[PDB]
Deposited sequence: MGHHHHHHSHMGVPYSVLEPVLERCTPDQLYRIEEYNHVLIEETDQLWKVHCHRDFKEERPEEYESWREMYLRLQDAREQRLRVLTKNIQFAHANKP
């Protein structure tokens, strides 16, 4: 239940040390997993978002 209150990266850093529904909750909106888990989808779409913010935000 404490994991339910964790951000994606708080949850991720915990796992890098059975919870795909936490990742389903985190997961757009007009977005379904291809052949991956909810967890894998998130990390792929968050990477993309992160690169795109990176480019916009360099002043």
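Checklist entry - What stretches of this chain's deposited sequence are missing C-alpha coordinates? => result Since the structure holds only modelled residues, the stretches it omits are 1 to 19, 37 to 42, 53 to 56, 89 to 97.
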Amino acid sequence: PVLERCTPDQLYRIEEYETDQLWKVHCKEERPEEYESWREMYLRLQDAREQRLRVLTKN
From here on, numbers count along this sequence of modelled residues.
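Item to check | Assigned third (lowest, middle, highest) for the C-alpha B factor of residue 28 | outcome: CA B-factor rank for residue 28: middle third.
Next on the checklist: What third of the chain does residue 47 rank in for C-alpha temperature factor, lowest, middle or highest?
Outcome noted: Middle third - that is where residue 47 ends up once the chain's C-alpha B-factors are sorted.
Next on the checklist: Split into thirds by Cα B-factor across the chain's modelled residues, where does residue 16 land: lowest, middle or highest?
Outcome noted: Residue 16: CA B-factor falls in the lowest third of its chain.
Checklist entry - With respect to C-alpha B-factor, does residue 7 fall in the lowest, middle or highest third of the chain as deposited? => result Lowest third, going by the recorded CA B-factors of the chain.
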